[PDB]
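One file, upload-v5.pdb, carrying PDB, C-alpha atoms:
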ATOM      1  CA  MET A   1     172.555-161.482  62.578
ATOM      2  CA  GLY A   2     175.377-159.883  60.533
ATOM      3  CA  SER A   3     177.258-157.102  62.402
ATOM      4  CA  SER A   4     181.092-156.854  62.195
ATOM      5  CA  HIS A   5     182.023-154.896  65.394
ATOM      6  CA  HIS A   6     185.017-152.822  64.131
ATOM      7  CA  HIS A   7     186.994-151.108  66.985
ATOM      8  CA  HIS A   8     190.489-149.460  66.878
ATOM      9  CA  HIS A   9     193.336-151.449  68.557
ATOM     10  CA  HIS A  10     196.483-150.053  70.293
ATOM     11  CA  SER A  11     199.160-148.651  67.849
ATOM     12  CA  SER A  12     198.274-148.309  64.093
ATOM     13  CA  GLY A  13     199.644-146.595  60.925
ATOM     14  CA  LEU A  14     199.421-143.171  62.610
ATOM     15  CA  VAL A  15     199.486-140.732  59.637
ATOM     16  CA  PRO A  16     199.758-136.907  60.467
ATOM     17  CA  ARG A  17     196.572-134.798  59.941
ATOM     18  CA  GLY A  18     196.629-132.339  56.988
ATOM     19  CA  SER A  19     196.394-132.288  53.160
ATOM     20  CA  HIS A  20     199.752-133.961  52.250
ATOM     21  CA  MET A  21     200.930-136.440  49.559
ATOM     22  CA  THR A  22     202.239-139.792  50.912
ATOM     23  CA  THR A  23     205.595-141.129  49.617
ATOM     24  CA  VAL A  24     204.920-144.832  48.803
ATOM     25  CA  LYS A  25     208.374-146.420  48.351
ATOM     26  CA  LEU A  26     208.100-149.632  46.288
ATOM     27  CA  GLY A  27     211.162-151.875  45.527
ATOM     28  CA  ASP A  28     213.493-149.124  44.059
ATOM     29  CA  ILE A  29     210.392-147.549  42.380
ATOM     30  CA  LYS A  30     209.284-144.184  43.915
ATOM     31  CA  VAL A  31     205.462-143.970  43.906
ATOM     32  CA  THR A  32     203.419-141.086  45.414
ATOM     33  CA  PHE A  33     199.664-140.689  46.056
ATOM     34  CA  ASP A  34     197.651-137.495  46.849
ATOM     35  CA  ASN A  35     196.241-138.949  50.109
ATOM     36  CA  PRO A  36     197.411-141.602  52.716
ATOM     37  CA  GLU A  37     193.806-143.021  52.260
ATOM     38  CA  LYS A  38     194.341-144.036  48.577
ATOM     39  CA  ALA A  39     198.072-144.708  49.263
ATOM     40  CA  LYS A  40     197.496-147.706  51.604
ATOM     41  CA  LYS A  41     194.552-148.995  49.429
ATOM     42  CA  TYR A  42     196.781-149.249  46.300
ATOM     43  CA  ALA A  43     199.945-150.263  48.302
ATOM     44  CA  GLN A  44     198.206-153.456  49.630
ATOM     45  CA  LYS A  45     197.570-154.390  45.973
ATOM     46  CA  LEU A  46     201.251-153.572  45.053
ATOM     47  CA  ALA A  47     202.262-155.813  48.007
ATOM     48  CA  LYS A  48     200.164-158.697  46.557
ATOM     49  CA  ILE A  49     201.492-158.090  42.969
ATOM     50  CA  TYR A  50     205.259-157.857  43.734
ATOM     51  CA  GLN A  51     204.828-160.520  46.546
ATOM     52  CA  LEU A  52     206.041-157.954  49.155
ATOM     53  CA  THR A  53     204.200-156.432  52.245
ATOM     54  CA  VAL A  54     202.907-152.965  53.397
ATOM     55  CA  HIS A  55     204.987-151.017  55.970
ATOM     56  CA  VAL A  56     202.991-147.803  56.715
ATOM     57  CA  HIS A  57     205.083-145.497  58.994
ATOM     58  CA  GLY A  58     203.845-141.866  58.996
ATOM     59  CA  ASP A  59     203.862-140.107  55.567
ATOM     60  CA  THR A  60     206.069-142.967  54.157
ATOM     61  CA  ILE A  61     204.603-146.357  53.080
ATOM     62  CA  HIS A  62     207.504-148.676  52.100
ATOM     63  CA  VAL A  63     206.332-151.862  50.334
ATOM     64  CA  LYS A  64     208.907-154.184  52.081
TER      65      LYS A  64
END
As structure tokens:
Amino acid sequence: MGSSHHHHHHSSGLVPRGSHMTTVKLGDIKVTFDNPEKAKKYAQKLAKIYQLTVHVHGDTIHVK
């Protein structure tokens, strides 16, 4: 066997539907990405680099 049963839990980073650029606020540094998809995928790396964490709240991802 080898099946990871992925299911959505209550309350997540609920991004609004529509083609819109996400404002990823790093420590002072203002980053932006075309899509919330790529935004969170690069922001989790920026969190690991700068030793911070990802706070995804709507169209704003602040790397706390």
Exercise. Kindly indicate which residue among A:25, A:30, A:10, A:20 lies nearest to residue A:54, using all atoms listed in the file for the distances.
Key: A:25
Quiz item: Pick from A:29, A:52, A:36, A:1: nearest to residue A:15, with all atoms listed in the file counted?
Solution: A:36
Practice problem: Name all residues at most 8 Å from residue A:24 (count all atoms listed in the file; drop same-chain ones fewer than 5 positions away) and give them as a PyMOL selection string. | Solution: chain A and resi 30-33+39+43+60-63
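With distances restricted to all atoms listed in the file, A:40 is the closest residue to residue A:53 from A:21, A:40, A:16, A:2.
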Quiz item: Can you tell me, as an MDAnalysis selection string, what residues are no more than 10 Å from residue A:50 when counting all atoms listed in the file, ignoring any on the same chain fewer than 2 positions away?
Solution: chainID A and resid 26:27 45:48 52:53 63:64
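Shortest atom-to-atom contact with residue A:55 among A:18, A:28, A:12, A:35: A:12, counting only C-alpha atoms.
Atom CA of residue A:22 to atom CA of residue A:59 spans 4.9 Å [interatomic distance, one decimal].
Between atom CA of residue A:17 and atom CA of residue A:4 lies a distance of 27.0 Å.
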